[PDB]
Structure formats: C-alpha cells, structure tokens
Amino acid sequence: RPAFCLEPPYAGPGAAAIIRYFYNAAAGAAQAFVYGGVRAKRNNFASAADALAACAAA
C-alpha cells in the first residue's frame with residue numbers, strides 16, 4: 001500500500017466543488033470527497049476503482 005494512501009483527503013483552497021475519490025485505509029474503502037480544483041495531493045482519484053487499484057492492490 002503506497003504511503004500516500006494513508007493521507008487524509010485534501011480539498012485544497014479552491015472554490016470548485018469537484019467530486020473526487022480517496023482511499024480511506026481505516027474503512028478499507030474508496031470514498032467520495034469534494035475537491036476544490038487546485039493543489040491536489042496524491043490520495044485523489046477520478047473514480048473509486050482508480051483509488052482501489054492504486055491503494056488496495058491484492
């Protein structure tokens with residue numbers, strides 16, 4: 001599990017309201033969050049599927 005998969009989700013300072021996905025390692029699940037459209041961190045994906053493939057590979 002890459003270390004970045006343990007980051008809390010990071011909205012950033014942007015004013016957009018974009019639906020993105022992060023890997024919630026405690027929950028064992030990819031979950032939606034609101035991304036502001038700028039200053040993304042790595043635990044930020046287009047889909048649940050993308051998040052799982054990077055962070056819950058098995």
Side-chain angles (χ1 to χ4, degrees), residues 1-38 40-58:
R1 181 219 303 125
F4 76 81
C5 300
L6 295 189
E7 300 168 349
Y10 190 69
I18 302 160
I19 309 298
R20 291 290 177 86
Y21 294 84
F22 75 103
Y23 188 68
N24 184 333
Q31 296 172 352
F33 78 107
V34 187
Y35 175 53
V38 292
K41 290 183 179 175
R42 291 182 197 81
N43 198 10
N44 174 330
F45 303 89
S47 68
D50 278 2
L52 294 169
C55 290

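Computed over heavy atoms, backbone and side chain alike; hydrogens, waters and symmetry mates excluded. Residue indices begin at 1 and follow the sequence shown.
- Between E7 and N44, the closest side-chain pair of non-hydrogen atoms is not below 4.5 Å.
- Rounding to the nearest 0.5 Å places CZ of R20 at 10.5 Å from CG of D50.
- Residues passing the side-chain contact (heavy atoms from CB on, under 4.5 Å) test with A32 are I19, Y21, sequence neighbours excluded.
- Taking both residues in full, the closest heavy atoms of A57 and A53 are given as CB-O, 3.8 Å, listed atom of the first, atom of the second, then distance.
- In terms of heavy atoms, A54 sits closest to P2 at O-CD, 3.3 Å.
- Grouped with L52 in one hydrophobic cluster are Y23, the linkage being side-chain heavy-atom contacts under 4.5 Å among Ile, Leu, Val, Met, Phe, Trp and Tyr residues.
- For the ring-ring contact (aromatic ring centres under 6.0 Å, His included) test, residues two or more places apart in sequence or in another chain that qualify with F33 are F22.
- Taking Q31 as the reference, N24 meet the side chain to side chain donor-acceptor pair (under 3.5 Å) condition, with sequence neighbours excluded.
- With sequence neighbours excluded, the residues that form a side-chain contact (heavy atoms from CB on, under 4.5 Å) with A16 are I18.
- In terms of heavy atoms, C5 sits closest to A25 at O-CB, 4.3 Å.
- As a member of the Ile/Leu/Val/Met/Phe/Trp/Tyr network built from side-chain separations under 4.5 Å, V34 groups with nothing else and remains a singleton.
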